[PDB]
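Q:
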Ligand SMILES: *Cc1c(COP(=O)(O)O)cnc(C)c1O
Ligand SMILES: *Cc1c(COP(=O)(O)O)cnc(C)c1O
Ligand SMILES: [Cl-]
Ligand SMILES: [Cl-]
Ligand SMILES: [Cl-]
Ligand SMILES: [Cl-]
Ligand SMILES: [Cl-]
Ligand SMILES: [Cl-]
Ligand SMILES: [Cl-]
Ligand SMILES: [Cl-]
Ligand SMILES: [Cl-]
Ligand SMILES: [Cl-]
Ligand SMILES: [Cl-]
Ligand SMILES: [Cl-]
Ligand SMILES: [Cl-]
Ligand SMILES: [Cl-]
Ligand SMILES: [Cl-]
Ligand SMILES: [Cl-]
Ligand SMILES: [Cl-]
Ligand SMILES: [Cl-]
Ligand SMILES: [Cl-]
Ligand SMILES: [Cl-]
Ligand SMILES: [Cl-]
Ligand SMILES: [Cl-]
Ligand SMILES: [Cl-]
Ligand code: NI
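Protein chains in written order, with the working numbering: chain A, 30 to 425; chain B, 30 to 425.
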């Protein structure tokens, strides 16, 4: 996780600034998804903790937090210290909790952000307690249980020693148990229901054996999938990430895509038949071709599988990427198109005209998952607020 | 390519700041590699243009440029406007040229950096000329020729129409041809020799047909491989990249690795045999295990592709990475180690004790050259400066 912009740095989101490639962030879609989830949960439903780790799933926590604050969302889940800093700087005053285990250095240097940590081992909890004591403060903690079987951040109560450790963790000075959680490893109802049943037993035992009061403890287990498909996993709070960005169960179409990936043509070059394109001469032109040179490569997070079948949108038509991906450049065959000029907009992910590069298309390649792609896209390219560009708006 | 730190932002490179993962950048190794190349080229050898695209190959152009300045390197090759900005801010006063085609917006907004552009088509050159004319200034340009057959940024003189366009490009008001270049698509001696032979013909034709004065033109073609293996491709100037970072032909051990990839243990959790690890339960523990939780995932540039061989270094020992990679966390089996605790340093790439994470291994696991990974490592994690002085003595 990188350094994020300082409070006074407002470069990101600006549309006029030159960018070799960029993410078009649809704030409206994000705000729609939040309200859509609210309506689903109702006014008596569980509280929402917007998960915005990895710089808001590549959408930019700096750009999205204001929407979360406006919606009165009480909780935000992040991963890095920088994400916590930005969240606070952008006006979030609710519960800020880390959704992963953190290093001692991270925990100690995150104190200024008044955030809450996640613990799943005695030694870790003891280290965090030591930090709290040395800084004469209190660190709220969520107890991660391995009820669902993720075996990542959670303590496993199937081990006798782990049960003893769990109870010991609760009594450490410097930290305060304010929540109990688990996490589902499989997006399948039967599997989730299995873990859910076990989590009810585990959380009940911890509350009882640990003598914790329910009014002081937030119980939460559900991610996007469980929130939508298994409402019995609501408990006190839900932890939706993907669905907030339109990247969850596709058939729930009410949740809209928030991000689009774009670039521009740098140059259109003319090459004779027989020529090869890119490193290692892997693609051979079967005819005199005009190739559009695009100023992004695998260092910009695009087509890191150097020889994968790929298409981009120009003039609302799908045109093929040819040759291996270079570090900073890719070539596209625009021989069938006419009037392609430098500066012409290209869509790598999203809609253009009546065409669209969909998550379904990009994931056609084995091993491809969009979540990985766009977090890296986001980290390696500037972001621009969609509605700021209104060349095609119709309000007067 | 993202926004880079502002001149007044000196967070990057600092060692004490909390980082979930980080790249250790050895300035001593970098300075050593520069001097080593100088000694190879000799006193009457070609000039060096340090290629520092992609934020200096993920090493941080903000951190390395000062070394380039002190070495007196006359030329720096970059890709993005931000890279050019940082280069100038860090004290570089030499030739600053872009090694890829750029968009009209990029070219126009790069004027303050007094850099030089790359052109391979008349239409793109006319656009750049229009920009220069509007700003009542001049834009130095390097003519990219497709002599070596990369078919990326260069104009192909085997086409009669391209030859005419090339001559027209030279006479455009607002731009001045100050260089002629090509680029080798294959790291093979014969292929390079074929390309440079054709480049000699093409460059000489352009000089003659264009009636250019040789004293104002820099001819350059060679990347790291060509520079080391094919001295016939020296010409006026060479464009070494990987070589400077210790990422070139392994046999040339005189060039030292500049970067290492590290993290720390966040928690060591106890899980019983039969348990599965990570999403989709892709790994099953076949024994009672202690797993080290590391606070980085694929959003931090770590392999997401399944692997039954991937490993990291802890206590100077290879330990296997188990389960599918999550967005922000990975798990490592430290069952065979004693006393692993939070804060313990982990090597993701580099050396630890007598152990090492080999580049060839990671390239196998990811299915791509290491640069595909470490440029992303750099964009998604903080840098911490290392100094190995030296390299040098003083005895005062
Ligand atoms: C990322 C994550 C989530 C959100 O998962 P989604 O599938 O995107 O909804 C929830 N809880 C934890 C602990 C996570 O790491
Ligand atoms: C990046 C690049 C180089 C440097 O390549 P290395 O293999 O890292 O030495 C040289 N020339 C051009 C045009 C490049 O784009
Ligand atoms: Cl709510
Ligand atoms: Cl809450
Ligand atoms: Cl978990
Ligand atoms: Cl007990
Ligand atoms: Cl299902
Ligand atoms: Cl249910
Ligand atoms: Cl479905
Ligand atoms: Cl992609
Ligand atoms: Cl269109
Ligand atoms: Cl408008
Ligand atoms: Cl507008
Ligand atoms: Cl920054
Ligand atoms: Cl030199
Ligand atoms: Cl200068
Ligand atoms: Cl502009
Ligand atoms: Cl000049
Ligand atoms: Cl080229
Ligand atoms: Cl000659
Ligand atoms: Cl030779
Ligand atoms: Cl890796
Ligand atoms: Cl060691
Ligand atoms: Cl191993
Ligand atoms: Cl022991
Ligand atoms: Ni408008």
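Each residue gets a CB set at the ideal place from its N, CA and C atoms; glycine is no exception.
(1) Does residue 429 of chain B come out as helix, strand or coil in the three-state DSSP assignment?
(2) Would you mind stating whether residue 173 of chain A and residue 213 of chain A have Cβ atoms separated by less than 9 Å?
(3) Does residue 298 of chain B get closer than 9 Å to chain D when you measure Cβ to Cβ?
(4) Between which two residues does the alpha helix (DSSP H) holding residue 223 of chain A run?
(5) Let me see if you follow: with CB-CB separation under 9 Å, is residue 81 of chain A close to chain B or not?
(6) When you get a sec, list the residues whose CB is within less than 6 Å of any heavy atom of ligand 3, chain order please.
(7) Taking C-alpha atoms, which residue in B:161, B:392, B:199, B:95 lies nearest to residue 60 of chain B?
(8) Would you mind reading off the limits of the beta strand (DSSP E) that contains residue 286 of chain A?
(9) Got a sec, what are the start and stop residues for the alpha helix (DSSP H) residue 140 of chain A sits in?
(10) Mind listing which residues of the stretch 357–388 of chain B have their C-beta closer than 7 Å to chain A's C-betas, in chain order?
(11) Nearest chain B C-beta to residue 179 of chain A closer than 9 Å, yes or no?
(12) Could you tell me which whole alpha helix (DSSP H) segments of length 4 or greater appear in the stretch 75–159 of chain B?
(13) Measure the alpha-carbon distance for residue 345 of chain A versus residue 421 of chain A and round it to whole angstroms.
(14) Specify, as a first and last residue, the run of the alpha helix (DSSP H) that residue 60 of chain B falls within.
(15) To the nearest whole angstrom, what separates the beta carbons of residue 135 of chain A and residue 47 of chain B, a pair I think is in contact under 8 Å?
(16) Starting from residue 362 of chain B, trace the beta strand (DSSP E) in both directions and tell me its first and last residue.
(17) Below 7 Å CB to CB, which residues in the same chain sit around residue 301 of chain A once its five sequence neighbours on both sides are set aside?
(18) Any C-beta of chain A within less than 7 Å: which residues of the stretch 265–281 of chain B qualify?
(19) Going by C-alpha to C-alpha distance, which of B:77, B:56, B:119 sits closest to residue 103 of chain B?
(20) Between the beta-carbon of residue 52 of chain B and the beta-carbon of residue 337 of chain B, is there less than 9 Å?
(21) Are any of the Cβ atoms in chain A nearer than 9 Å to that of residue 411 of chain B?
(22) DSSP three-state call for residue 325 of chain B: helix, strand or coil?
(23) DSSP on residue 383 of chain B, reduced to helix/strand/coil?
(24) Say yes only if the C-beta of residue 40 of chain A is nearer than 8 Å to one or more non-hydrogen atoms of ligand 16, and no if none qualify.
(25) Using a Cβ-Cβ cutoff of 9 Å, what residues of the stretch 132–144 of chain B are near chain A? List them in chain order.
(26) With a cut-off of 8 Å on the beta carbons, I'd call residue 356 of chain A and residue 328 of chain A a contact; round off their distance for me.
(27) Taking 9 Å as the cut-off, decide whether the C-beta atoms of residue 259 of chain A and residue 207 of chain A are in contact.
(28) Could you tell me how far apart the beta carbons of residue 1 of chain A and residue 107 of chain A are, in whole angstroms, since I believe they sit closer than 8 Å?
(29) Return yes when the C-beta of residue 82 of chain A is under 8 Å from any heavy atom of ligand 1, and no when it is not.
(30) Under a criterion of Cβ closer than 6 Å to any non-hydrogen atom of ligand 19, which residues qualify, in chain order?
(31) So with Cβ pairs under 9 Å, would you call residue 308 of chain A a contact of chain B?
(32) Could you pull out every residue in the same chain whose Cβ sits closer than 7 Å to the Cβ of residue 144 of chain B, ignoring the five residues on either side in sequence?
(33) Check each candidate in A:217, A:335, A:298, A:401 and name the one with the smallest Cα separation from residue 311 of chain A.
(34) When the Cα atoms are used, what is the spatial distance from residue 244 of chain B to residue 404 of chain B?
(35) Excluding the 5 residues preceding and the 5 following residue 388 of chain B in the sequence, name in chain order all residues of the same chain whose CB lies nearer than 7 Å to its CB.
(36) Can you name, in chain order, every residue of its own chain whose Cβ lies under 8 Å from the Cβ of residue 391 of chain A, other than the five neighbours on each side?
A: Looking at the coordinates:
(1) Look at the range of chain B in this structure, 30 to 425, and you will see that residue 429 of chain B is not part of it.
(2) As a first step, residue 173 of chain A must be located in the first chain, where it is residue number 144. As a first step, residue 213 of chain A must be located in the first chain, where it is residue number 184. Not in contact: residue 173 of chain A and residue 213 of chain A (Cβ atoms no closer than 9 Å).
(3) Looking for chain D here will not work: the only protein chains present are A and B.
(4) Stepping through the first chain from its first residue, residue 223 of chain A is reached at position 194. Run containing residue 223 of chain A: 218–238, per the alpha helix (DSSP H) assignment.
(5) As a position in the first chain, residue 81 of chain A is number 52, starting the count at 1. Taking 9 Å as the threshold, the shortest C-beta distance from residue 81 of chain A to chain B does not fall below it.
(6) Those residues that have a beta carbon less than 6 Å away from any non-hydrogen atom of ligand 3 are, in order along the chain, A:76, A:77, A:102, A:103.
(7) Sequence index remark: in the second chain, residue 60 of chain B carries index 31 (1-based). When B:161, B:392, B:199, B:95 are compared, the shortest CA-CA separation from residue 60 of chain B is found for B:95.
(8) Within the first chain, numbered from 1, the residue matching residue 286 of chain A stands at position 257. Run containing residue 286 of chain A: none; DSSP gives neither H nor E here.
(9) To locate residue 140 of chain A, count along the first chain from 1; it is residue 111. For residue 140 of chain A, no alpha helix (DSSP H) encloses it, and the DSSP letter there is neither H nor E.
(10) If the cut-off is 7 Å between Cβ atoms, the stretch 357–388 of chain B has 357, 358, 360, 370, 371, 372 near chain A.
(11) Working through the first chain from its first residue, we reach residue 179 of chain A at position 150. Closer than 9 Å to some Cβ of chain B, the Cβ of residue 179 of chain A qualifies, so yes.
(12) The alpha helix (DSSP H) runs of length 4 or more contained entirely in the stretch 75–159 of chain B are, from start to end of the chain, 82–86, 90–100, 110–118, 133–138.
(13) The residue given as residue 345 of chain A occupies position 316 in the first chain. The residue given as residue 421 of chain A occupies position 392 in the first chain. Distance between the alpha carbons of residue 345 of chain A and residue 421 of chain A is about 16 Å.
(14) Here residue 60 of chain B refers to the residue found at position 31 when the second chain is read from its first residue. Annotation: the continuous alpha helix (DSSP H) that includes residue 60 of chain B extends over 56–70.
(15) Along the first chain, one-based indexing puts residue 135 of chain A at 106. Along the second chain, one-based indexing puts residue 47 of chain B at 18. About 5 Å separates the CB atoms of residue 135 of chain A and residue 47 of chain B; that is less than 8 Å, so the two are in contact.
(16) Along the second chain, read from residue 1 onward, the residue named residue 362 of chain B stands at position 333. Unbroken beta strand (DSSP E) run through residue 362 of chain B: 359–362.
(17) Here residue 301 of chain A corresponds to residue number 272 of the first chain, with the count starting at 1. By the criterion of a C-beta distance shorter than 7 Å, residue 301 of chain A is surrounded in its chain by 317, once the five residues flanking it on both sides are discounted.
(18) Within the stretch 265–281 of chain B, no residue has a Cβ lying closer than 7 Å to any Cβ of chain A.
(19) On the second chain, residue 103 of chain B is found 74 positions in, with the first residue counted as 1. Nearest C-alpha to residue 103 of chain B: B:77.
(20) Translated into positions along the second chain, residue 52 of chain B becomes position 23. Translated into positions along the second chain, residue 337 of chain B becomes position 308. Against a cut-off of 9 Å, the Cβ pair of residue 337 of chain B and residue 52 of chain B comes out as no contact.
(21) Reading the second chain from its first residue, position 382 is the one you call residue 411 of chain B. Answer yes: the Cβ-Cβ gap between residue 411 of chain B and chain A drops below 9 Å somewhere.
(22) Along the second chain, one-based indexing puts residue 325 of chain B at 296. Look at residue 325 of chain B here: in three-state DSSP terms it is coil, with no helix or strand label.
(23) Here residue 383 of chain B refers to the residue found at position 354 when the second chain is read from its first residue. It is coil, neither helix nor strand.
(24) Within the first chain, residue 40 of chain A is the residue found at index 11, counting from 1. Flag unset: Cβ of residue 40 of chain A not near ligand 16.
(25) Taking 9 Å as the Cβ-Cβ cut-off against chain A, the residues of the stretch 132–144 of chain B that qualify are 132, 133, 134, 135, 136, 137, 138, 139.
(26) For the purposes of this step, residue 356 of chain A is identified with residue 327 of the first chain, where counting begins at 1. For the purposes of this step, residue 328 of chain A is identified with residue 299 of the first chain, where counting begins at 1. About 5 Å separates the two Cβ atoms, so the contact holds.
(27) Here residue 259 of chain A refers to the residue found at position 230 when the first chain is read from its first residue. Here residue 207 of chain A refers to the residue found at position 178 when the first chain is read from its first residue. Remark: C-beta atoms of residue 259 of chain A and residue 207 of chain A do not approach each other more closely than 9 Å.
(28) This structure cannot settle anything about residue 1 of chain A, because the visible part of chain A is limited to 30 through 425.
(29) In the first chain, residue 82 of chain A corresponds to position 53, counting from 1. Yes, since a heavy atom of ligand 1 falls inside the 8 Å radius drawn around the Cβ of residue 82 of chain A.
(30) If you measure from each CB to the nearest heavy atom of ligand 19, the residues under 6 Å come out as B:173, B:179, B:181, B:182, B:183, B:212.
(31) Taking the first chain and counting its residues from 1, one reaches residue 308 of chain A at position 279. With respect to chain B, the C-beta atom of residue 308 of chain A has a partner C-beta closer than 9 Å.
(32) Locating residue 144 of chain B in the second chain gives position 115, counting from the first residue. The residues are 113, 125, 126, 127.
(33) Translated into the one-based positions of the first chain, residue 311 of chain A becomes position 282. Taking only the C-alpha atoms, the option nearest residue 311 of chain A is A:335.
(34) For this step, residue 244 of chain B is matched to residue 215 along the second chain. For this step, residue 404 of chain B is matched to residue 375 along the second chain. Computed Cα separation, rounded: 37 Å.
(35) Numbered from 1 along the second chain, position 359 holds the residue referred to as residue 388 of chain B. The beta carbon of residue 388 of chain B is closer than 7 Å to those of 399 in its chain, skipping five residues each way along the sequence.
(36) Counting from one through the first chain, the residue named residue 391 of chain A turns up at place 362. Same-chain partners within the cutoff: 378, 397, 399, 402.
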